[PDB]
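Engineer: Below: the sequence, then the experimentally determined structure.
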Amino acid sequence: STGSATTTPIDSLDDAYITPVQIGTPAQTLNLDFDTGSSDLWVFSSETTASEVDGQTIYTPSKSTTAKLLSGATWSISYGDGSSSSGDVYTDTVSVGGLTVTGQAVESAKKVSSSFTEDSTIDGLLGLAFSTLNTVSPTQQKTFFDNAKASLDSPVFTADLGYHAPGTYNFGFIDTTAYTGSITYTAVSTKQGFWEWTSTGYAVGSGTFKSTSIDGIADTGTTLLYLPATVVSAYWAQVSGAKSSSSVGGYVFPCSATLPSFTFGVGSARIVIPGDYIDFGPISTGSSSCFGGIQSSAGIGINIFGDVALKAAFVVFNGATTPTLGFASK
């Protein structure tokens, strides 16, 4: 089997992407944030505290003839951005782009933090990291991909995120029309539960490539590119007037600037992030200070190849017995 679904930016900045997901019978379609940095499929629901729901579409398990309470199971998650959610668990039928999993754990939120409430466009998350990170207790549950894997034509999914445009998540096949040149594959460590890999270096603009190993995670659920302070300083030093602002929470730059590109290495291959992808616009409405899309990972504890990086590439998440990651230009 295979599946193919379009993923759409939630706003004009590409802050996140939502993908329609069918849950239950008859189908209830919710727009979920596919997150290769976590491993829980959780949804706003009829059980979510009423004051914490503001415009989201909810899953109502009592209206699904295939929903079953997973008795005794609870979940609770905290994300890198300080947001969180928790609740109980149902199993139900879940379909993405024509690919159906029966008995998928659907984690129903009883509580969500303010960041989730305030974002009307995201009805929940669909985790695509390794199932060892799943938070369901006392019986850990499998991700949608892990459940689908054996049925797929090939044990892979791909992320093809757009810049200010829709893109695609495919399951079970590689669309050879969706990228240019060849795909370069690189080793993955699953030791921390992430799609963790090592970039071979970077360049700023038309500058020379610096060969240096940068360990990080491929994370579709993180907006920005978070890299070591040395690398980030070298980038922003090429933008007149750019500076790190403790009050704002990272590097800012004059909105009048033209940003240089940023290149990262994948083996001997190179992915170029155009300068425009690094612009996250005014820090507040009407400001002439703009927020940068490359930020320091210092104090996160890990480097993160988030959407800023991934949307410059066609990315293969290869879930074979020994997982790997592939990157192609597009």
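Structural biologist: In hand now; what should we look at? Residues are numbered from 1 along each chain as shown.

Engineer: what sits against residue 307?
Structural biologist: Residue 307 is in contact with 14, 16, 17, 161, 220, 222, 223, 224, counting by Cβ atoms under 8 Å, 6 or more residues apart in numbering. Using the backbone N, CA and C atoms, a C-beta is placed for each residue, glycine as well.

Engineer: Then residue 94?
Structural biologist: Residue 94 makes contact with 21, 22, 23, 41, 100, 101, 104, 106, 144, according to Cβ under 8 Å, 6+ apart.

Engineer: I'd like the distance between residue 157 and residue 148.
Structural biologist: Note on residue 157: its distance to residue 148, by Cβ to Cβ, to the nearest Å, is 9 Å.

Engineer: didn't residue 170 look like it was pressed against residue 3?
Structural biologist: Yes - counting by Cβ atoms under 8 Å, residue 3 is a contact partner of residue 170 at 7.0 Å.

Engineer: Identify the contacts common to the two.
Structural biologist: Each of residue 97 lies in contact with both residue 170 and residue 3 under the rule Cβ under 8 Å, 6+ apart.

Engineer: Could you tell me how many residues sit around residue 276?
Structural biologist: Counted with other Cβ atoms under 10 Å, the neighbours of residue 276 add up to 12.

Engineer: Cross-check the contact I'm expecting between it and residue 259.
Structural biologist: Yes - taking Cβ under 8 Å as the definition, residue 276 is a contact partner of residue 259 at 6.9 Å.

Engineer: Next one: residue 23 from residue 128, what distance?
Structural biologist: For residue 23, the distance to residue 128 (Cβ to Cβ) stands at 16 Å.

Engineer: Revised request: answer the last question for residue 203.
Structural biologist: If you go by Cβ to Cβ, the gap between residue 203 and residue 128 works out to 29 Å.

Engineer: who's more crowded, those two?
Structural biologist: Legend: neighbour count by other Cβ under 10 Å for residue 203 and residue 128, higher for residue 128 (27 against 19).

Engineer: Identify the bridge partners of the residue nearest to residue 309 when sequence neighbours are not counted.
Structural biologist: Sequence neighbours aside, residue 225 is the residue nearest to residue 309 in space, at 4.7 Å (criterion: Cβ to Cβ, 6 or more residues apart in numbering). Counting by DSSP bridges, residue 225 forms beta bridges with residue 294, residue 305.

Engineer: who touches residue 225 in this structure?
Structural biologist: Going by Cβ under 8 Å, 6+ apart, residue 225 touches 262, 273, 278, 293, 294, 295, 304, 305, 306, 308, 309.

Engineer: at 10 Å instead, please
Structural biologist: 216, 219, 231-232, 235, 262, 264, 273, 277-278, 292-295, 297, 303-310, 312 (Cβ atoms under 10 Å, 6 or more residues apart in numbering).

Engineer: Ok, residue 90 next?
Structural biologist: 23-24, 43, 45, 47, 59, 61-62, 64, 66-70, 73, 104-108.

Engineer: how about it, secondary structure?
Structural biologist: Per DSSP: H, G, I helix; E, B strand; the rest coil, the local secondary structure of residue 90 is strand.

Engineer: Show me how this structure divides into domains.
Structural biologist: 5-174, 175-330 (curated CATH domains).

Engineer: In strands, which of the contacts of residue 307 appear?
Structural biologist: Members of these lying in strands (criterion: DSSP state E): residue 17.

Engineer: In PyMOL, select just the buried ones from the contacts of residue 307.
Structural biologist: Those of those that count as buried under 16 or more other Cβ atoms under 10 Å are selected in PyMOL with:
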select buried, resi 14+16+17+161+220+222+223+224
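
Engineer: so which of the contacts of residue 307 comes closest to residue 51?
Structural biologist: Proximity of those to residue 51 (Cβ to Cβ) peaks at residue 16, which lies at 23.1 Å.

Engineer: surely that closest one meets residue 10?
Structural biologist: Yes - contact criterion Cβ atoms under 10 Å: residue 16 and residue 10 qualify, at 5.0 Å.

Engineer: what's the overlap in contacts for those two?
Structural biologist: 33, 119, 121, 122.
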